[PDB]
Structures are given as structure tokens and as C-alpha cells.
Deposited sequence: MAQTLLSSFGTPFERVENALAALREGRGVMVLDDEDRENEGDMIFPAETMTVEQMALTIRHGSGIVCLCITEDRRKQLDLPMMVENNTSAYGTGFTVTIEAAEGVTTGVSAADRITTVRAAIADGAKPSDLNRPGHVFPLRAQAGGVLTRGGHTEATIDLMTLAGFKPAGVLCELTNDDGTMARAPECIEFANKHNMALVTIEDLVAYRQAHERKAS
């Protein structure tokens, strides 16, 4: 961990740089999630998440963004699911999922820009980020805001081919193979605490 990616603070900083550079980040909590900036995620990165991830690809958003899109919570942090109103076909391909993410996060996006339900799963982050709730959703948003992006990111859980969820060592190995950075939620909490 320390050997592969550096001290906690270095892991954080390294993760911001990777994000800004267009690389992904593995975020570990048991469960490691591949994460990317919603604004820059590519089609290829989407394809990788479907292939190596659970395929339940989530769009982490803020409450403001949720309100702006008029997306209710699924049950009285998943909201109701979405699909781009324009520019997609079945909504399932990597390209279509990207199209939907881009539509949701666009500046000036309106509710009508999205149909519901759909194949992209928004997650509303708790205000306060990881200082409030140590979830991958929060970590995603914190990482994006610290990196300098809009506070919206895409995440997916890393899954082994046999269907078991990747363990730390597998997550390290995958990050290495894919030139992603890797950081833990505790690291992030620590970092924010320090720079308070």
C-alpha cells in the first residue's frame, strides 16, 4: 500500500494528479471502486468499468445537481435511474452511458434532458463528503472537487472474473496494470482533516 502508492497524503495528491491527467483512481474502503471525472471520462474508460467492474456504473452528484435535474430519491444514495433524452439508442453501450453522464452534468442541464428510468445510476453524496459519510460516493465527490473539477464523478466496483469482489491486492494489481492511482477513504478523511 505504502510500497505501491506512497504515504496517505501522497496517495491523495497522487490521486488528484491522475484525475487531472485523465487516468482513473482506485478508491478503497473489502471494496475497491474505479473512479473517473464525469466531465472527462472516456468511452474506453466506460468500457473498462463494464468489463472489469460490476457494470452498475454510478454517477455521483451533489444535492444541488439532483435538485436541478429533478431527480427524486429512488426510495423514500440512489436516485431514480436515468437515460439521455437525446443521442442514445438502448442506453446500455459504453457510448450511450457516457452520453447520459454528459447530459446530466452539463452546465445548464434541465430535467427534460433525461428520461427515467434508465441505465445510469445516480448517487447523491451527503453534504460534507467523507467528513460526513465515509462512502465511496463521498470520496468521489471530494476527490473531484479537490482536483478542480465539477463535483461529479463516476464509480464502479472492481469485480474479479469469477464474480467475487476484488480484494486490496487485486485492486493494487489492477491499478498498476491500468496506470490508475489508488487511495483509501481513510486517507482522504485524514487529508481533509489536516487541511481544514
Deposited-sequence ranges lacking CA coordinates, in order, are 1 to 4, 34 to 38, 86 to 93, 214 to 217
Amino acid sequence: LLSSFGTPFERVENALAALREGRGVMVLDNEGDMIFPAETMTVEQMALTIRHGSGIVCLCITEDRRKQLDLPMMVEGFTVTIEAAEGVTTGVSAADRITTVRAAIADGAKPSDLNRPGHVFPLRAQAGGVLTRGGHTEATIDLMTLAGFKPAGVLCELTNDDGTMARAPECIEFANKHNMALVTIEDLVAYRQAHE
From here on, numbers count along this sequence of modelled residues.
Mean Cα B-factor check, 55 to 63 vs 42 to 50, entry values; winner is 42 to 50
Decide which of the stretches 31 to 39 and 66 to 74 has the higher mean C-alpha B-factor, going by the entry.
66 to 74
Deposited CA B-factor, highest of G153, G163, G134, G148:
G134
Could you tell me which one of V80, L123, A85, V101 shows the highest CA temperature factor in the PDB record?
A85
In terms of the chain's CA B-factor thirds, is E170 lowest, middle or highest?
highest
Third of the chain, ranked by Cα B-factor, where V12 sits:
highest
What third of its chain, lowest, middle or highest, does the C-alpha temperature factor of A127 fall into?
highest
Chain-relative C-alpha B factor for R97 (record values, thirds): the lowest
